[PDB]
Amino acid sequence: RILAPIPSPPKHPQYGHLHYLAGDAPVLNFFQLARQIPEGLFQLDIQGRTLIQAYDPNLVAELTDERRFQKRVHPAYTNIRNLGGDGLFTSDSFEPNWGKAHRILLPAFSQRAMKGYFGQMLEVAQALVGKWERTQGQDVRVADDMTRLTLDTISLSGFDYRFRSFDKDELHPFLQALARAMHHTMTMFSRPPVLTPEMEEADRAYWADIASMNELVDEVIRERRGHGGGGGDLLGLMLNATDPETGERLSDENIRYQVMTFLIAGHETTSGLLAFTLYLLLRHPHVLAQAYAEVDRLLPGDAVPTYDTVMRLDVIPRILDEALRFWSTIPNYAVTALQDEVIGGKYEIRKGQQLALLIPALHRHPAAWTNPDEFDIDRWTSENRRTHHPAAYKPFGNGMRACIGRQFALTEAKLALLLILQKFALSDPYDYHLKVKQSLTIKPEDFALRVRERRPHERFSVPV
């Protein structure tokens, strides 16, 4: 109009910008376009909508300003809200139950709260190690076993339910329902207006699944309020805690939604972090050797780790942070424009437009990361960490709407890597070619490794 236009790449009357949306992982197509447009952002004119991907660290520092751009439930989250409800992940900050749930749960997710969950985390991690011990020489299904690990951990810490997912290949009917529900939610975005016979019955089953999950969690709540409530659990906490400002408690409906919300937002994000980390250690095996050495200094023999142990880790935490930089598992979350705004002093953003953070480009943008495409766990160290661009690492969201579960997922995954590397030697039997699938989150699809028990003489410890 009087300033610069956002760059748009055109490709034939055949197709359009729509080809950039096909495939298992569109965010990766966006990443390929961001490497060839150094301006810092681009736009796709899809039919009926405009999508703006931003990745320059200074343009992102602008989009991070909650005074101008904020999370907005409408469009993007409206389907996932079918089962997220008004819980933390699928509500706007100005809805009463967001402020309430935030102010109540924030302390229960703090780093100080983690020690109290460590027992349950360790139970689930040892279950996983057991399954792999019992199947040495068999193909380990990495995505699936991490899904099990984290789904079980967040259920056990979230409402003290044990799905015992390492006892049997079949998942509990509740988790099968969760799985079907989530996938239907992701396909609901592509809605052909004519509804096929099978689509209408898909929807019937969809709300039936949502109902059967609501039913199990409603019953757990009923049965523990009957026993006096007050477990040392996220559900135990929500049954009793009062909001510091409103003085009231969460409703029963909101508590069921927060439990569903823990499951939605916490299982595939964390399991993907672990799937990817294992892939990266397999393709950067000198780092994996460093990890082995850390494990053999702190967990020699059949030592059983404590929360303290996890806290004294160094290699494994930085492996995890750098892994998040390569493959952040929620890669394309959008901020909405509160008012018409001008970014970089250059581009024209109309009120209510979605700016998707292209996390892959941002985390690998060479302006902020010398040698962007190379794995260095030493980038994260106290001193080198302070040298990073302050808006270019955003694996856990932004501001008021940043992931509450960060410390939960990071302690869970430190523990997982610790116990796995303690007991197992990893092998890649098939030349795994990374294959990314995107839903709410991105994750490796057909990853298979093999494990042997580590022989005593293969530990880098100091003898008894």
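When you see a residue number, it is the position in the sequence shown, counting from 1.
Novice: Using only C-alpha atoms and the B-factors in the entry, which stretch averages higher, 384-392 or 197-205?
Specialist: Between 197-205 and 384-392, it is 197-205 that shows the higher mean C-alpha B-factor.
Novice: Using the B-factors recorded in the PDB entry, average over the C-alpha atoms of 12-20 and of 441-449, then report which stretch comes out higher.
Specialist: That would be 12-20.
Novice: Highest recorded C-alpha temperature factor, please, choosing from 246, 176, 97, 147.
Specialist: In this record, 246 carries the highest C-alpha B-factor of the candidates.
Novice: Just grab whichever of 88, 220, 151, 367 has the top CA B-factor as deposited.
Specialist: That would be 367.
Novice: Ordered by C-alpha B-factor within the chain, which third holds residue 160? Give me lowest, middle or highest, please.
Specialist: Within its chain, residue 160 is a lowest-third residue by C-alpha B-factor, going by the deposited values.
Novice: Lowest, middle or highest third: where is residue 189 by Cα B-factor in its chain?
Specialist: For residue 189, whose C-alpha B-factor we compare with every modelled residue in the chain, the answer is the highest third.
Novice: Per the entry's values, where does residue 411 land by CA temperature factor relative to the rest of its chain, in the lowest, middle or highest third?
Specialist: It falls in the bottom third of the chain.
Novice: Ranking the modelled residues of this chain by C-alpha B-factor as given in the entry, is residue 430 in the lowest, middle or highest third?
Specialist: Middle third.
Novice: Using the temperature factors of the C-alpha atoms in this entry, rank residue 230 within its chain: lowest, middle or highest third.
Specialist: According to the entry, residue 230 has a C-alpha B-factor in the chain's highest third.
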